[PDB]
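S.K.: The data below comprise the sequence and an experimental structure of the protein.
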Amino acid sequence: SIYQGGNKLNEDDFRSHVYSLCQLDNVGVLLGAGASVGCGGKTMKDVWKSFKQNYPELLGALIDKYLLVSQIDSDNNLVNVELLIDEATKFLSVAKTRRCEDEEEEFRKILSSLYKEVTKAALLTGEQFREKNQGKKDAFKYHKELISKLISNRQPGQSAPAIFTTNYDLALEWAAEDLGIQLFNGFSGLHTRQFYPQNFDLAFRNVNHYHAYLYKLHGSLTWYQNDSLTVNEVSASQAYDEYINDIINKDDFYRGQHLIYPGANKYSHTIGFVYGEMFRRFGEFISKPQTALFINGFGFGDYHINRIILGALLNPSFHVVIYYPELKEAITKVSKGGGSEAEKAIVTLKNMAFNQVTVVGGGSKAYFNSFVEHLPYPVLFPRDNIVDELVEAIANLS
Amino acid sequence: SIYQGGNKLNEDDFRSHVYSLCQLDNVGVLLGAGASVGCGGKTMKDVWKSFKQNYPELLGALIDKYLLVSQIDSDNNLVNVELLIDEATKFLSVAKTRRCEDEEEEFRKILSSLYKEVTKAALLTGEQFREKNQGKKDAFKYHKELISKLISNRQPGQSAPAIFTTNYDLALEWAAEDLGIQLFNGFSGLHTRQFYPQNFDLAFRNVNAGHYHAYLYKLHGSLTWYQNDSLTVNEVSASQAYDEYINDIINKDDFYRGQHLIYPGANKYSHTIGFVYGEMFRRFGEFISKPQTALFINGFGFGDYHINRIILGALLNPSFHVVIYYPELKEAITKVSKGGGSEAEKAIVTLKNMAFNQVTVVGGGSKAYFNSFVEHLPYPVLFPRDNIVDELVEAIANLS
Amino acid sequence: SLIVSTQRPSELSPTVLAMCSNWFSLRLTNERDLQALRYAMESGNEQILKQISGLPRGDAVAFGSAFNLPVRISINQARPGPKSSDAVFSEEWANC
Amino acid sequence: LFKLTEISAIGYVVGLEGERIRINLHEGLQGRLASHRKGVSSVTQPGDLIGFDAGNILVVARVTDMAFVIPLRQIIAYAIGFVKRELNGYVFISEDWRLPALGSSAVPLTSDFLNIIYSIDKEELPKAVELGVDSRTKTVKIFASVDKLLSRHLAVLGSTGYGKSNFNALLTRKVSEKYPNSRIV
Amino acid sequence: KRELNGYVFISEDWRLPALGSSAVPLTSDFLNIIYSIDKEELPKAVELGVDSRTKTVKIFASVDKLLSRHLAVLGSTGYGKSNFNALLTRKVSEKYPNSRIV
Ligand SMILES: Nc1ncnc2c1ncn2[C@@H]1O[C@H](COP(=O)(O)OP(=O)(O)OC[C@H]2O[C@H](O)[C@H](O)[C@@H]2O)[C@@H](O)[C@H]1O
Ligand SMILES: Nc1ncnc2c1ncn2[C@@H]1O[C@H](COP(=O)(O)OP(=O)(O)OC[C@H]2O[C@H](O)[C@H](O)[C@@H]2O)[C@@H](O)[C@H]1O
Ligand SMILES: Nc1ncnc2c1ncn2[C@@H]1O[C@H](COP(=O)(O)OP(=O)(O)O)[C@@H](O)[C@H]1O
Ligand SMILES: Nc1ncnc2c1ncn2[C@@H]1O[C@H](COP(=O)(O)OP(=O)(O)O)[C@@H](O)[C@H]1O
Ligand SMILES: [Mg+2]
Ligand SMILES: [Mg+2]
């Protein structure tokens, strides 16, 4: 279950090792799509499983006529969705620029169906995506604990935590707006909000433990490009009224260079700038000395991220902890013969004779809801909530 | 057989003595042609045999007419090859100047055969001379060890190691370009390489707080040096030299240009070529005249009068130390004791007989070779004696 | 060969203590029981004597001829151990 | 492509005042922990051990003071010997009359160098018994030679209820299982 | 430190804080932890008094560790030896009604 250096460990030594790692100069976290299923999300397998069931007429065309998806992975449910969306967008643009009317109407339906399927699963609260104070509910209990623990473990004079993610939902912002913390995401302004890459070099100071950083590597639901050649961000209640209510309850797709999720429209030099900046900032972080990183919920199916992670182990002062539930299946399938690229990639780094690599597996001991309890609380941290008992009395006064 | 002042000492005392000499202010190494025989080279007496086996017609005219070489020296294979090319070039220049047409062809025909023989014995890789990454092979394994050991035992605020050599092959450059160290040889540029004698007084530093560099003095030239149509000295790469003038020398049979090449000590009468040779000797003489110098000698045959004169005069300083390797002590001791042998044997035995604690002589055949020389030097504690990078590089290459 | 175990090193002949090659020392809290240990060993070490006044249970400081430099050790438990203890008053007083 | 050391630095020497050494730390270090290939180490609290790279030997020192002087930080240490490489392993010598030079780097001590310090000669391993572990870090095991313990007289001292009898029982039992033809009364 | 859901006090004196650490006063809750017994001798514990400096924390002691070897009470005249002897004897007799005291 717990492997360090090729050999096994017990629970207590692993917990002590985790505690020792949080006290270094730089601490970072990378989260995948597996960390949102506890609040209403879905995994990439389920999205394809539902799309294949709901739309069987369009499935044959993608395999036979246009050669965008093969048959073996379609039957096994191991397809990549964002690459498919990018390729479809490129196909549509090329078809539009040469005036081929027959092909132009063929891809609009495909893109509309794919966007409907991916957007319906990104909304974590259904029709309540408009209202306020969504982070007060019980589904976001661990997202608050993660941030609180990861902030409270820093001594004065040290840096602020960094949070990488591959999701495009609004869980972390909702969790942070309730505790009372501010997140830097690269944007500024209210009446016209724009993207400035230099906003990541700033920090707060008191003139008489406030901030954290958030990097999104695949965009977000509230980002879009208008006629002007600048990217804008709005609130959830405004996106719902502007362009989200039509995607779900209507067959609407008429703008091809509008949305910035997921990883689409990379052929435009104004949109790829954001993705490039995010990836470059991710790359520059793990090249610093005295760094520790945690990975949870991320299936190792990306070539570039895997290449970036492996190359950073050449430095003596880089450490990492990886969570992967289905480990025994991969070990048996690679020992017996066969397996996909993810299993080979995880196994080859499991067997290395390095003390900088640690892998934790299990059935439910490697989930997101168990990763938080491995992180400790300070001795003097307040826990007893005795402030809402007074707010209720104030409200009762009327 | 180890002697220190005429007395014998064991291996442990010799190793202890070597350890103490590696923590002085100045440390240097002088190498010869016998140190490149484990990579594919040949000694100086293996070239005369080839020349007199392949060209038996010019040998008679080179003895009976111009008196350029003695019969006794030729029969015993004791001819100084690099001391004949300069005289041949002088003869050719005089004949060309005074317009003796019949005498030009004869001297153009013997130089074409001497260069064809000396060049082929210095490639070390045959036709794998124009390729890249030649330092990754197993033949250059001990040169890397020597370079690494010299650099990795110097404290901050100390000088950088110096290397003198009588070779003109590219072994040390190939060894150094694999470890990532930069060597200073007096040249600067990429598109027009030129010789600057003032760049021997330069060093690197870090703008934030590295000390990875050394000096290489080549006393007889190099394969890659030549003088173009102008009066300047340029340097090129191995591939460019091979495509320019080496291929024709090795293959073609009627090729000779003139005062073009700068190896070995050939065209000294020109005043733009000998200026290069003089600086190396001057800076060699300047180095060993410092208060706390220690020098290691390996691969040298002690057949040069000037180097011997320089070394002997430098010993009248109470803080100069020398270590010499000569794997033929007994065969010289007997010959000197009976009647007296050759000049090199006399010089080495006279230097051995001195009653100083500064001179140390080591013999014993294969026990005093280049490979054995490395292990006598100390090994640093913090040097990583493991393999961690290669596995990660192979794993990265395996991906995709 | 002798092994001496005592809790009052000051109530011994100085010659017996001064003719030993190794010393093991556990917690020792008394000003007159530390002067004997200081006298028995040679001079040249004073920062190692301050730790003895506050060593926890099961820890000791060892210095002599079989140790290169003084070390603070955590000793293992013996299995099976010696006799546990004497009688306990509570058990016999509550056997009604 | 040249890697002279596989460890990271902590500070650099700025002065010598006889047999005591002064070190200033880098700007980034705040959390008292330094990480290397084998794990994490603590390098700031008094009583710890650090090292310096001086040519082809390694000097060993013990931390005594730590104070301010963004403000800088300073460390005072004292040397207790050095570590040497002879043929293919390592040996520890206990002479403390050698000091490093200005500009030298200060590095932490891993668990492999800590083993060499608290170790005995290899040829005496079969004649050795196990007592315990290191108190501060609890990683290294301690051995001693029987022929050097029970040759002259041995002394055990301590207060009541702290572990004299346990040590006596362990030491006497371990010898009998090793030398069955021995007398104990 | 913490053990299961509360706190425990250890009495080793070689661990020191780091530079820049902040200093706080001790609340009466931690004084109760510092002057406590080992969570299992409470059924065989006897109350003797209160601490002198703050007069807020009660003091208990174990009979087995108290009346095992000899005990000594010292003091000048007029300061309260008889009070202590009477209190200890009476509240030991009350707890164990099958005891012998002379
Ligand atoms: N409750 C849970 N807690 C933790 N992990 C879970 C849980 N449930 C499932 N998992 C694990 O969570 C994982 C789900 O893997 P997927 O969501 O398909 O992969 P991704 O999120 O990286 O996909 C996006 C990336 O795909 C491209 O490559 C780009 O890089 C994109 O960023 C499995 O290991 C599950 O066992
Ligand atoms: N494997 C070996 N390892 C070490 N030494 C060896 C080996 N094989 C032979 N030797 C010894 O290597 C030596 C061969 O010496 P040579 O190459 O002929 O002489 P040089 O290189 O000094 O000639 C050039 C200079 O001499 C001219 O006069 C000019 O002035 C030049 O400056 C012998 O001692 C061999 O025993
Ligand atoms: N090194 C140790 N590890 C664990 N327990 C110990 C150790 N030393 C002593 N003890 C405990 O102390 C108790 C008695 O200590 P003892 O050795 O009799 O004290 P004394 O030294 O006064 O004879 C034993 O029951 C034992 O469990
Ligand atoms: N803890 C106490 N609280 C109140 N009064 C005390 C206390 N201890 C002693 N005294 C007072 O001391 C007086 C006599 O003390 P006594 O028992 O005679 O001491 P001693 O026997 O040492 O002379 C009593 O009148 C009593 O009031
Ligand atoms: Mg006892
Ligand atoms: Mg009284």
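M.R.: In hand now; what should we look at? Residues are numbered from 1 along each chain as shown, chains lettered A, B, ... in the order given. Ligands and ions are numbered 1, 2, ... in the order given.

S.K.: Could you use CA atoms for every contact and neighbour count after this?
M.R.: Fine.

S.K.: Next, count neighbours for the residue of chain C found nearest chain B.
M.R.: Closest contact between chain C and chain B, by CA to the nearest CA, is at residue C:68 (20.9 Å). For residue C:68, the count of nearby residues is 15 (other CA atoms under 10 Å in any protein chain shown).

S.K.: Wasn't it part of a helix?
M.R.: No: with DSSP: H, G, I helix; E, B strand; the rest coil as the criterion, residue C:68 is assigned coil and is not in a helix.

S.K.: contacting residues for it?
M.R.: Residues in contact with residue C:68, defined by CA atoms under 8 Å, 6 or more residues apart in numbering or on different chains, are D:94, D:118, D:120.

S.K.: Quick check: the residue of chain C nearest chain A.
M.R.: Counting by CA to the nearest CA, chain C gets nearest to chain A through residue C:74 (19.1 Å).

S.K.: now check the strand or helix carrying that residue, is it near chain D?
M.R.: Assessed by DSSP states H and E, residue C:74 sits inside strand C:71-75. Yes: residues of strand C:71-75 contacting chain D under CA under 8 Å from any CA of the partner chain: C:71-75.

S.K.: Need the contact partners of that strand.
M.R.: Around strand C:71-75, the neighbours that count as contacts under CA under 8 Å, 6+ apart are C:58-63, D:131-136, D:142, D:167.

S.K.: next one: it to chain centre, how far?
M.R.: The offset between the C-alpha centroid of strand C:71-75 and the centroid of the whole chain comes to 12 Å, using CA atoms, centre = their mean, to the nearest Å.

S.K.: got the CA positions of it in CSV?
M.R.: In CSV, the C-alpha atoms belonging to strand C:71-75 read as follows (Å, rounded to 0.1, in the frame of the first residue of the first chain):
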residue,chain,number,x,y,z
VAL,C,71,27.5,8.8,22.8
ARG,C,72,24.0,9.2,24.2
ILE,C,73,22.3,5.8,23.9
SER,C,74,18.8,4.6,24.3
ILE,C,75,19.0,1.1,25.8
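
S.K.: re the thing from before, among the contacts of strand C:71-75, which are in strands?
M.R.: Taking DSSP state E, the ones among the contacts of strand C:71-75 that sit in strands are C:59-63, D:131-134, D:142.

S.K.: most neighbours, which of the residues you listed?
M.R.: The most neighbours of any of these, using other CA under 10 Å, belong to residue C:60, which has 26 neighbours.

S.K.: Go ahead and confirm it touches residue C:27.
M.R.: Yes: here residue C:60 reaches residue C:27: they are 7.4 Å apart, a contact under CA atoms under 8 Å.

S.K.: partners of the residue of chain C found nearest ligand 1 in the sheet?
M.R.: Nearest to ligand 1 in chain C, going by CA to the nearest ligand atom, is residue C:74, at a distance of 41.5 Å. On DSSP bridges, the residues paired with residue C:74 through beta bridges are residue C:59, residue D:133.

S.K.: What is the neighbour count of the closest residue to chain E within the stretch 51-200 of chain A?
M.R.: Distance from chain E to each residue of the stretch 51-200 of chain A (CA to the nearest CA) is smallest for residue A:156, at 7.8 Å. Here the number of neighbours of residue A:156 (other CA under 10 Å) works out to 11.

S.K.: so who does it touch?
M.R.: With contacts defined as CA under 8 Å, 6+ apart, residue A:156 is in contact with residue E:20.

S.K.: So residue C:15 belongs to a helix, correct?
M.R.: Yes: looking at residue C:15 with three-state DSSP, it is inside a helix.

S.K.: State the distance from it to residue D:159.
M.R.: Using CA to CA, to the nearest Å, residue C:15 is found at 22 Å from residue D:159.

S.K.: same deal with residue A:132?
M.R.: If you go by CA to CA, the gap between residue A:132 and residue D:159 works out to 69 Å.

S.K.: same question, residue A:285
M.R.: With the distance defined as CA to CA, residue A:285 ends up 56 Å from residue D:159.

S.K.: for residue A:207, same thing?
M.R.: For residue A:207, the distance to residue D:159 - CA to CA - is 58 Å.

S.K.: quick one, which of the two is more surrounded?
M.R.: Set side by side, residue A:207 and residue D:159 show unequal neighbour counts under other CA under 10 Å, the larger going to residue D:159 at 16 against 4.

S.K.: who in chain C is up against ligand 3?
M.R.: By CA under 6 Å from any ligand atom, the part of chain C that sits against ligand 3 consists of C:58, C:75-77, C:84.

S.K.: Which helix runs longest in the chain?
M.R.: Looking at chain A here, since you left the chain open. When chain A is scanned for its longest helix (criterion: DSSP state H), the result is helix A:101-120.

S.K.: Let me rephrase: I mean chain D.
M.R.: Among the elements of chain D assigned as helix by DSSP H, the one spanning the most residues is helix D:164-176.

S.K.: and the residue of chain D nearest ligand 4?
M.R.: Evaluated by CA to the nearest ligand atom, chain D has residue D:160 as its residue closest to ligand 4, separated by 31.1 Å.

S.K.: returning to that earlier point: by neighbour count, which of the contacts of residue C:68 wins?
M.R.: That'd be residue D:120 among those, by other CA under 10 Å, with 20 neighbours.

S.K.: Just the angle for the longest helix of chain D relative to strand C:59-64, thanks.
M.R.: Using axes from the mean of the first three to the mean of the last three CA atoms, to 10 degrees, the interaxial angle of helix D:164-176 with respect to strand C:59-64 works out to 50 degrees.

S.K.: buried stuff in helix D:164-176?
M.R.: If you call a residue buried by 16 or more other CA atoms under 10 Å in any protein chain shown, then helix D:164-176 has these buried ones: D:164-167, D:169-170.

S.K.: send the alpha carbons of it over as PDB?
M.R.: As requested, the backbone C-alpha atoms of helix D:164-176 are provided in PDB (Å, rounded to 0.1, in the frame of the first residue of the first chain):
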ATOM      1  CA  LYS D 164      20.700  -0.500  36.200                       C
ATOM      2  CA  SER D 165      19.300  -4.000  36.600                       C
ATOM      3  CA  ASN D 166      17.900  -4.100  33.100                       C
ATOM      4  CA  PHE D 167      21.300  -3.200  31.600                       C
ATOM      5  CA  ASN D 168      23.100  -5.700  33.800                       C
ATOM      6  CA  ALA D 169      20.700  -8.500  32.800                       C
ATOM      7  CA  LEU D 170      20.900  -7.700  29.100                       C
ATOM      8  CA  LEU D 171      24.700  -7.500  29.100                       C
ATOM      9  CA  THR D 172      25.200 -10.700  31.100                       C
ATOM     10  CA  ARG D 173      22.700 -12.700  29.000                       C
ATOM     11  CA  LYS D 174      24.100 -11.600  25.600                       C
ATOM     12  CA  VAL D 175      27.600 -12.900  26.500                       C
ATOM     13  CA  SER D 176      26.600 -16.400  27.500                       C
END
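
S.K.: What does residue C:91 show for phi and psi?
M.R.: Phi and psi for residue C:91, reported as degrees, to the nearest 10, are phi -60, psi -40.

S.K.: That one and residue A:325, how far apart?
M.R.: From residue C:91 to residue A:325 the distance is 53 Å (CA to CA).

S.K.: Against chain E, how distant is the closest residue in space to residue A:355 that isn't next to it in sequence?
M.R.: With sequence-adjacent residues excluded and distances taken as CA to CA, 6 or more residues apart in numbering or on different chains, residue A:355 is closest to residue A:5, at 4.9 Å. Distance of residue A:5 to chain E, computed by CA to the nearest CA, to the nearest Å: 30 Å.

S.K.: and residue A:5, how many neighbours?
M.R.: Using other CA under 10 Å, residue A:5 has 18 other residues around it.
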